[PDB]
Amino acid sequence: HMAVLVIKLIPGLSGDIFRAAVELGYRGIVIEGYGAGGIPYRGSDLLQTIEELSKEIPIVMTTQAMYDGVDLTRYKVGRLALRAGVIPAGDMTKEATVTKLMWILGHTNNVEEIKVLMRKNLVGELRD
């Protein structure tokens, strides 16, 4: 099974650890964002780091909240994260998000392909 990393978004978080993850051979990253999801567009280098890395590995966005999903069309921070290549996790649980990404990576490494699959309701995990 492919190695995935799950990092909680917190105020001031840098893109540092994400480069390190890619450099370490991690094949996917899940970020638990705030609320409906997104990435700060100022105050850190996180968004710029993600614009780069989202091309090399799937970077998936779920929420730190327990209920309701993410919807990255809802807020500017979400829409900018989408523009940066972030893959939304919709209303999936965190366990489904992580395991789904791991399962997909067993079959492919094409990030745009991974993105279609993450967004497709494979077995009832997601409302697509």
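For every residue, the number given is its place in the sequence shown, counted from 1. Just so we're on the same page, rigid core means the largest C-alpha set that superposes within 1.5 Å between forms.
The segment moving more, judged by mean Cα distance from this form in 5 other deposited structures of this protein after a core overlay, is 34-42 among 34-42 and 94-102.
As listed in the deposited structure, the average C-alpha B-factor of 42-50 and of 59-67 is greater for 42-50. Residue-level temperature factors show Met118 in the middle third of its chain, judged at the C-alpha atom. Sort the modelled residues of the chain by CA B factor and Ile10 lands in the lowest third.
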